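Quick notes on the structure that follows.
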Amino acid sequence: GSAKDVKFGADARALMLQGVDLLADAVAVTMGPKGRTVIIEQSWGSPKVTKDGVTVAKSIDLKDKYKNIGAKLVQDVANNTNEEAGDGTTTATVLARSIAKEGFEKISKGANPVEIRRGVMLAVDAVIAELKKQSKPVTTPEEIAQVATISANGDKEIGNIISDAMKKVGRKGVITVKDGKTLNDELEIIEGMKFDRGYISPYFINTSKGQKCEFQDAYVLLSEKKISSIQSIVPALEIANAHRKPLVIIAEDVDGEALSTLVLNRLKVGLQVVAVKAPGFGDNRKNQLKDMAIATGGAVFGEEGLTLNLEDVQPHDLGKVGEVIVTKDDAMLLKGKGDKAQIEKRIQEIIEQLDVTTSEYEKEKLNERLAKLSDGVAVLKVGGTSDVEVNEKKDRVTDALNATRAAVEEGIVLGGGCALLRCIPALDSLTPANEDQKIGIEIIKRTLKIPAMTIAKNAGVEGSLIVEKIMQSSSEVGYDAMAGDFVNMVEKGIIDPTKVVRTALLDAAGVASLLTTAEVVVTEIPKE
Amino acid sequence: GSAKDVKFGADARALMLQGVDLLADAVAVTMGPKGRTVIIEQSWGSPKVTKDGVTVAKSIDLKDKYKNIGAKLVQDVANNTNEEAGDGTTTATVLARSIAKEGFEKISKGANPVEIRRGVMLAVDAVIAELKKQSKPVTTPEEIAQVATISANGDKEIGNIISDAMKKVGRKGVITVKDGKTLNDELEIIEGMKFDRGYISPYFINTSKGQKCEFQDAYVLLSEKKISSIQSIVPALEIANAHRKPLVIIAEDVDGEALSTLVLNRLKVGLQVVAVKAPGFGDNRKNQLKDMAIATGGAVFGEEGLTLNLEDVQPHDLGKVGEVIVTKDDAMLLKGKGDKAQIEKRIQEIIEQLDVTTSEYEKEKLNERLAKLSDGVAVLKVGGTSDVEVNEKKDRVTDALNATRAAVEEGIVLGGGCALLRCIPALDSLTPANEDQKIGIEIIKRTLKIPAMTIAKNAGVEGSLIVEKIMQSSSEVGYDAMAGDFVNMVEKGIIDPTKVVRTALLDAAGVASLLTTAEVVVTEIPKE
Amino acid sequence: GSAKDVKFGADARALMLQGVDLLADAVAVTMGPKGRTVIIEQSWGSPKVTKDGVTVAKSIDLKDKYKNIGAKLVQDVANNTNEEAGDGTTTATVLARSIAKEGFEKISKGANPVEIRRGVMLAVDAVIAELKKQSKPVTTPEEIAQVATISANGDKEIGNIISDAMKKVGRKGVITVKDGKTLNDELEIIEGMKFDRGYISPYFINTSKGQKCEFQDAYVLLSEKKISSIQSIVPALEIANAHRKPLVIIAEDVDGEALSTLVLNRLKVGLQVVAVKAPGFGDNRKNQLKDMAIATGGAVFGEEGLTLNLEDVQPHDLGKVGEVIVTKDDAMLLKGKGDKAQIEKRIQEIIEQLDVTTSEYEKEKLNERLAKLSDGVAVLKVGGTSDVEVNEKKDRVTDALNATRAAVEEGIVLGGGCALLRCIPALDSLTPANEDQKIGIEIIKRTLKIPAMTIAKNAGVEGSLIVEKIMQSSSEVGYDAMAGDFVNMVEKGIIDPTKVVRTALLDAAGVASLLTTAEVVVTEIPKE
Ligand SMILES: Nc1ncnc2c1ncn2[C@@H]1O[C@H](COP(=O)(O)OP(=O)(O)O)[C@@H](O)[C@H]1O
Ligand SMILES: Nc1ncnc2c1ncn2[C@@H]1O[C@H](COP(=O)(O)OP(=O)(O)O)[C@@H](O)[C@H]1O
Ligand SMILES: Nc1ncnc2c1ncn2[C@@H]1O[C@H](COP(=O)(O)OP(=O)(O)O)[C@@H](O)[C@H]1O
Ligand code: BEF
Ligand code: BEF
Ligand code: BEF
Ligand SMILES: [K+]
Ligand SMILES: [K+]
Ligand SMILES: [K+]
Ligand SMILES: [Mg+2]
Ligand SMILES: [Mg+2]
Ligand SMILES: [Mg+2]
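Chains as they are written, first to last, in the authors' numbering: chain F, 1 to 528; chain G, 1 to 528; chain A, 1 to 528.
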């Protein structure tokens, strides 16, 4: 339907190389402890000052169609590396550019690009095997702090904050990051169960400070359906008054009749009672209701399974909470007097439901519920002066969290790009099946030095000399670019998650090797 | 999706410097007592003649994308300074331009911009600590008048007006500014409770002048619900007639039946009675109703809590007001015979609700209600001939109010920019961790002289010589630019709110240091 | 969002001065008795030939943004002068141009424009005080005729017409101006009460000429509600027939049943009765109904206050009118037999409601009702041949009316611009606080000669020489430009309202002084 432009041979390869080098030159200035930032113009408001590889990559589009194709492929590399590992986007970008450039000149009339790509994949598999062999697990929280600091552009405070959060909530807890209105970063831990549903009427407040409702050793009644009937809520009030204990009513909604009854009773006779809307809007609402039922110890009234009617409420059907506070925006429950066996079984059920399928939203909810049941969640308020600074620090903190999670899951290797450098001798033991596989192995061997050279170059020193000295040094000595000297990497804490390195290398090679097999390019003619 | 233009290194930095210099040159002519005004064309009507830094900054947009980026960053600086402190926008703008300019040449191949930024923040923290140490609190109203006069471009009348308003309403009262139709500024004080709800029917007027309804020692009946039934209003009239006292009915609305009853009775038997709509349209209506119930002393009929029906009204359920007037637009209640303990408890509840959360609208309503309860509010009618003069004087008056509030909250320091100048020796005691931190400290030290130099330059004298003489002077002697001589600031009343200075410096540094770390710029190609 | 063009220093000032000079040169040719007219093209129909300063000013817009800014400021001057005083728009325009031009060259590197503006305002205040001191009140109608003649471009007929109208309706009566279909101006006076509501059915006509309904000593029944029921109108007819007197039914509408009854009775038995719709469409309808009830003497049936039902009508509930005529378009009531005390009290109430607030419409209605009650209303039919001539004469007549009202309210001073000239010695007694205030005082002193110079220049003589001779003349001798010779102003009747002069000077100085403080001008780039 649309007329096309077709380009053959070396011209199209040169145009793709131009586009790829432009994108990777823009990205590569954000690599290493001495890397600089990139300012991307935002059409609506203030420009974004960022040091993230994938953010810079995704914001670059070129007018020329062939350079646009190269840019799109590099963007695919960066996006895959970001979505799989969460870090090492610039490393993947520079590796992709290096592989593409090295493979482009190796293409000749007699060369076989497909076999070159096969050899490249074979060499990458060997390098990944060596990386897995030479990695070591993470044991002490000091290594966690070191990994977080390295991934956060050498910020000690962020590393300490993340290490403290992981110590307090567990190495596989739920940690979230959001902007803070203050100057310095803050960490808060939410324990027990707390949901963003406040009290309905401003008449249950019985506190001097905070204008909240605080109860200790309180009854809890959970209703899956709404509360409107007089006889649907009176017997619970009778039980609470007879036992002389405060009562909480958590439901979808308390209707006007029951609201009037509760408010009138609390104002006249001083009956300690409060009402809270049920968190969640779908099946998650029912799951959370069952979760607080198990945690406090009781039953859900109005469930489709048993249909426990509210009229036949019993004193043993009400949960016991050690301390509950509810304010205008959210309510929390602490010290639920529930049996530990049922809580453990519910936790096992949640972890089992975490391992049946994925929907990009159900895993998050399951993790949230599990954290609320076991150890609570952690929230990081990222401080700053203006919006751009806060956004940049937030991106750095998210990168640090992703890298720390990867290091926990898989382990650590030498930082600074030396982990790939130590894998070069592993490539000397490979036997290519033919000349093209030899070419691919040589391409990967040459590419393995790219991250260290780029890191050294951003520091202002000659990358090749630093790489050569690293190779001629011991099996552990590496180069500290921030200090600018040859030091002990593991002692100085310059370490990287092995998952990030292997993922970046794998994705970059997988895309670049396929890219280097092109001979003919068809593009849409730029009519507009 | 949109093709981009990518610029590397010094060219993009030069373009940002051009944009920042243009915006800050436009803004900086509005600095000091001898600064001049800027005319901004308005698309709809008359142009705006303004001397406000943020107003000039936000109205400047540039065609070139990189100059636009620099302008947007400086606009962010000015906007943050305006929203946080309310004054010192031009100071923040000139500081931001100076920091960006000084940091741009310091960027080199071997320089580390991130460490330079870290050193800049360290130096700014030290300067802020010194500023906090050397500030002093505000004690006498004379200092309030001096601060208001300085912030209002040396206008004695505005300073005296603001000082009188704060004396008669309290240093933390509710003072608002609105345009006046006369030539000179006026100050009006509203005491007691007064809301913009006039009488419904023009038949309760019983005054010779003003065509209002005037009562003394009057009963007050407050109904949250509408008044329509005959039986819902008759017993209150019976109580009023038996006690032979005037009666006010404040409610959402008095319906036609009850209006007919009240009006016809008042016309026939001369029953002193008036009807007023309840102020507020949401929960604020209920809060205000409860507030006047506590102030006058009584109860709200029809509340959802107790549901005090109007049929069972008692003589002790009606509030007593010493003197109440109501006219076509608003009604005023004075001398409510309410118990002081309940009023104090309500005030405590208001101030507690002021300190739970923020919504940018609830704080204003809470402050309004608290002022109506305790001391009333003040309104400043800014006079003038045309609209442009009134707008300019209104901007100056708002700046004076913001500066006076900041001075009350935090304290005062030497004016004329010497407060930052005296902090230069504090920077000599800082030890940089490396060379880049030393560069950042030097940048901040050089930037600290910018406000005084700009103020002197706008006066027509050489800024550098004046700054040098100030540094070589005593620890207190400063330069009066309006008089143009070296004098005593604290004696002459040239003082500045320390909050304004510290906020402007902090925001300007925080944005400019981040800006000076750019190496690559991606902008949208100007297709249209 | 929109790219801006920013101009600094002398260039922007020069462009704004160019725009101001263009607009004021266009306006200033319409000044003095020998001034000429300006033709403004109307997009829809015939062009407007006008001699009004504000009409010429408001119709001028310039393509260049800076010249447009200057034109907008001069338009603000002219509009404020027109809306406040009603005359002296050209004087204000020329004063504004002179002040802006004089202040623009006084701006230098060392000058302080704000202090110059302060000195200008001080000098203007002194001049206004002198003008108020030297003015004299208006006592005789001859001065009224002189003022109207001077303000109407020296037209004796218009002055005599306005003087006669003010003699016959009072110096503060209601006089309106509307176009006439004849050649010469006419003055019509409406006495008593007359409203534009004619008889409904063409069956009550009982006159030989005019096809109206003429009655003497007639009963009047006023109903706020509609008349539809048979029993709602029969008893009034019984009373009228028993007393054998004509009857008028003034109501919102006489519906089909009652209208048919009235028509049938009047046609068969010759019952003298007529029906008229109530004037007004809102609360004004009720106010007018009450006013006719008070003037005639009676009550309004169906009012929401007392609800006087029409069934219980009494002979003392019907007003008595000496003569009532009603035609196809309007009805007139004369010689209402109402008690003078109630009429006086209603008049006092109307003047009191005139002094509570303003809504730009309610004052007009109150004045109309007061005039209808007390003395009547005057209407001026402005005659002419074509539409343009009628519009020009209408503009001149409105200017004369505004000037005469101002002279009545405040007083008169010497005309021809000598009133400002005599105020120059008052400026010699002012002591400036500094050099800039001295410059402002000199600017005002130089500007004070502009109106007389412009008036002389339009006459074809040298303005400077005429002004100089005026200054060296006596304290009363002035220059008649129309006669072109030096005479006695008060004897020759060349006088001006002091309010017009002071308002024009104040507004022009206030806007121009603010304009002369600009250093930077920011405009929107002309994209389209
Ligand atoms: N002080 C240091 N000395 C040497 N290498 C470092 C130092 N700090 C960080 N690095 C290395 O630099 C890399 C950080 O690059 P980064 O900007 O995170 O790019 P990416 O996000 O693509 O990993 C890490 O792989 C780390 O090994
Ligand atoms: N008479 C004076 N002599 C010396 N300095 C002054 C004088 N009046 C004001 N200043 C200084 O000038 C500054 C006023 O600048 P301003 O136009 O308010 O800019 P901003 O609104 O950004 O503070 C204040 O910081 C004050 O210290
Ligand atoms: N015969 C005359 N001799 C001298 N001055 C006159 C004469 N007639 C009018 N003037 C002066 O000319 C002015 C009239 O100008 P006009 O066209 O009304 O401009 P504006 O509408 O701005 O007042 C008046 O101020 C009056 O004093
Ligand atoms: F470039 Be990654 F996001 F650290
Ligand atoms: F520049 Be600020 F608003 F005084
Ligand atoms: F110019 Be004015 F309307 F006489
Ligand atoms: K990066
Ligand atoms: K300013
Ligand atoms: K004119
Ligand atoms: Mg990283
Ligand atoms: Mg200020
Ligand atoms: Mg005139």
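A virtual CB, placed ideally from N, CA and C, is assigned to each residue, including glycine.
Practice task
Please name the residue, chosen from G:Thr307, G:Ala71, G:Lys499 and G:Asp52, that lies closest to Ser46 (chain F) on a Cα-to-Cα basis.
Solution key: Nearest neighbour of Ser46 (chain F) by Cα position, chosen from G:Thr307, G:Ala71, G:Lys499 and G:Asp52, turns out to be G:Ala71.
Practice task
Run down chain G in chain order and give the residues with a C-beta less than 7 Å from the C-beta of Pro113 (chain A).
Solution key: What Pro113 (chain A) touches in chain G: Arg36.
Problem - Cβ-Cβ distance between residue 561 (chain F) and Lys445 (chain F) below 9 Å - result: Any property of residue 561 (chain F) remains undetermined from this structure, which presents chain F solely from 1 to 528.
Exercise for the section: May I ask which residues mark the beginning and end of the alpha helix (DSSP H) holding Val408 (chain F)? Expected result: Start and end: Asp387 to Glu410.
Practice task
Would you check if the distance between the CB atom of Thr523 (chain F) and the CB atom of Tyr66 (chain F) is smaller than 9 Å?
Solution key: Yes. Within cutoff.
Practice task
Could you give the DSSP three-state label for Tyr219 (chain F): helix, strand or coil?
Solution key: In the structure shown, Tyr219 (chain F) falls within a strand segment according to DSSP collapsed to helix, strand and coil.
Exercise for the section: Return helix, strand or coil for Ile343 (chain G), following the three-state DSSP convention. Expected result: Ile343 (chain G): helix per DSSP, three-state reduction.
Handout entry: Cutoff 7 Å; reference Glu257 (chain G); Cβ partners in own chain excluding five residues on either side
Key = Within the same chain, Cβ atoms closer than 7 Å to the Cβ of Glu257 (chain G) are found at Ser228 and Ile230, the five residues on either side in sequence being excluded.
Practice task
Please determine, among F:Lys48, F:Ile60 and F:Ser2, the residue with the shortest C-alpha to C-alpha distance to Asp25 (chain F).
Solution key: Nearest of F:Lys48, F:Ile60 and F:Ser2 to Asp25 (chain F), Cα basis: F:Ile60.
Practice task
Taking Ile325 (chain F) as the reference, give the member of F:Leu271, F:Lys365, F:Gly338 and F:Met193 with the closest Cα.
Solution key: The option with the nearest alpha carbon to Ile325 (chain F) is F:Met193.
Problem - Backbone secondary structure at residue 536 (chain A) - three-state DSSP - result: Lying outside 1 to 528, the shown extent of chain A, residue 536 (chain A) is not represented and no answer is given.
Practice task
Find the nearest neighbour of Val138 (chain A) within the set A:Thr404, A:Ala509, A:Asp507 and A:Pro432, judged by alpha-carbon distance.
Solution key: Residue A:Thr404 is the option with its Cα nearest to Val138 (chain A).
Practice task
Using beta-carbon positions only, say whether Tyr203 (chain F) and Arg244 (chain F) come within less than 9 Å of one another.
Solution key: In this structure, the beta-carbon distance from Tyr203 (chain F) to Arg244 (chain F) does not fall below 9 Å.
Exercise for the section: Examine the Cβ distances between the segment 395–412 of chain F and the segment 97–113 of chain F and report whether three or more of them are shorter than 8 Å. Expected result: The segment 395–412 of chain F, when compared against the segment 97–113 of chain F, does not touch it at the 8 Å Cβ threshold.
Problem - Any heavy atom of ligand 4 within less than 6 Å of residue CB: hits in chain order - result: Cβ-based neighbours of ligand 4 within the cut-off: F:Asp52, F:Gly53, F:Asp87, F:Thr89, F:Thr90 and F:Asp399.
Handout entry: Presumed contact (8 Å Cβ cut-off) between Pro279 (chain F) and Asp196 (chain F), rounded CB distance
Key = Yes, they are in contact, since the Cβ atoms of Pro279 (chain F) and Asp196 (chain F) sit about 7 Å apart, within 8 Å.
Exercise for the section: Can you say whether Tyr479 (chain G) is buried or exposed, counting buried as having 16 or more other CB atoms within 10 angstroms of its CB? Expected result: It is buried - the Cβ of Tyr479 (chain G) has at least 16 other Cβ atoms within 10 Å.
Practice task
Tell me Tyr479 (chain F)'s beta-bridge partners as DSSP assigns them.
Solution key: Looking at the DSSP assignment, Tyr479 (chain F) forms a beta bridge with F:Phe486.
Practice task
Please indicate yes or no: does the CB of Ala403 (chain A) lie closer than 8 Å to some heavy atom of ligand 12?
Solution key: Yes.
Practice task
Tell me, please, whether the CB atom of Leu515 (chain G) is closer than 9 Å to any CB atom in chain F?
Solution key: Judged by the 9 Å Cβ criterion, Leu515 (chain G) is in contact with chain F.
Exercise for the section: Would you decide whether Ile144 (chain F) is buried or exposed? Buried here means 16 or more other CB atoms lie within 10 Å of its CB. Expected result: Sixteen is the threshold: when 16 or more other Cβ atoms of the shown chains lie within 10 Å of the Cβ of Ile144 (chain F), as they do, the residue is buried.
Exercise for the section: Using a Cβ cut-off of 9 Å (strictly closer), state whether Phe8 (chain G) contacts chain F. Expected result: Cβ-Cβ to chain F under 9 Å: yes for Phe8 (chain G).
Problem - Same chain, Cβ closer than 7 Å to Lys394 (chain F), five either side skipped, listed in chain order - result: Exclusion of the five residues before and after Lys394 (chain F) leaves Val177, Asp179 and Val382 as the residues of its chain whose Cβ lies within less than 7 Å of its Cβ.
Practice task
Compute the minimum distance between the beta carbon of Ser151 (chain A) and the heavy atoms of ligand 6, and state whether it is under 8 Å.
Solution key: Correct: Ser151 (chain A) has its Cβ closer than 8 Å to ligand 6.
Exercise for the section: Please report the residue range of the beta strand (DSSP E) in which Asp355 (chain F) lies. Expected result: Note, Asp355 (chain F): premise wrong, no beta strand (DSSP E); not H, not E.
Practice task
Check whether the segment 149–158 of chain G touches the segment 351–371 of chain G, counting contact only when three or more Cβ pairs, one atom from each stretch, lie closer than 8 Å.
Solution key: Proximity of the segment 149–158 of chain G to the segment 351–371 of chain G falls short of the contact definition, fewer than three beta-carbon pairs being nearer than 8 Å.
Exercise for the section: Assign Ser513 (chain F) to one of two classes, buried (16 or more other C-beta atoms within 10 Å of its C-beta) or exposed (fewer than that). Expected result: Per the 10 Å Cβ criterion, buried.
Exercise for the section: Please confirm whether any heavy atom of ligand 8 lies closer than 8 Å to the CB of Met31 (chain F). Expected result: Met31 (chain F) Cβ: outside cutoff for every heavy atom of ligand 8.
Problem - Sequence-distant residues of the same chain with beta carbon closer than 7 Å to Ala426 (chain F), five excluded per side - result: For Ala426 (chain F), where only same-chain residues beyond five positions count, the Cβ hits under 7 Å are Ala126, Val127 and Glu130.
Practice task
Using a Cβ-Cβ cut-off of less than 9 Å, give me the residues of the segment 59–78 of chain G that come near chain F, in sequence order.
Solution key: Flagged, chain order: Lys65, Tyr66, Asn68, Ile69, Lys72, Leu73, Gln75, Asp76 and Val77.
Practice task
Would you mind working out which of G:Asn458, G:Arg422 and G:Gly460 sits nearest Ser135 (chain G), comparing C-alpha positions?
Solution key: If we check each option's Cα against that of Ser135 (chain G), G:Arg422 comes out closest.
Handout entry: Interface residues of chain F facing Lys109 (chain G) [CB-CB closer than 7 Å]
Key = Going along chain F in sequence order, the residues near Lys109 (chain G) (Cβ under 7 Å) are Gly460.
Problem - Cβ neighbours of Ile294 (chain G) in the same chain (closer than 7 Å, five flanking residues each side left out) - result: Closer than 7 Å at Cβ, skipping near neighbours: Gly338, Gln342, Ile343 and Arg346.
Problem - Inter-stretch contact at 8 Å, needing at least 3 Cβ pairs: the segment 159–173 of chain F / the segment 305–324 of chain F - result: Contact fails: fewer than three Cβ-Cβ distances are below 8 Å.
Practice task
Determine the extent of the alpha helix (DSSP H) in which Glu188 (chain A) is found, giving its start and end residues.
Solution key: Note, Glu188 (chain A): premise wrong, no alpha helix (DSSP H); beta strand (DSSP E) at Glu186 to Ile190.
Handout entry: chain F contact residues for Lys4 (chain G), given Cβ-Cβ distances below 9 Å
Key = The answer, in chain order, is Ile40, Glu41, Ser59, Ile60, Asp61, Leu62 and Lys63.
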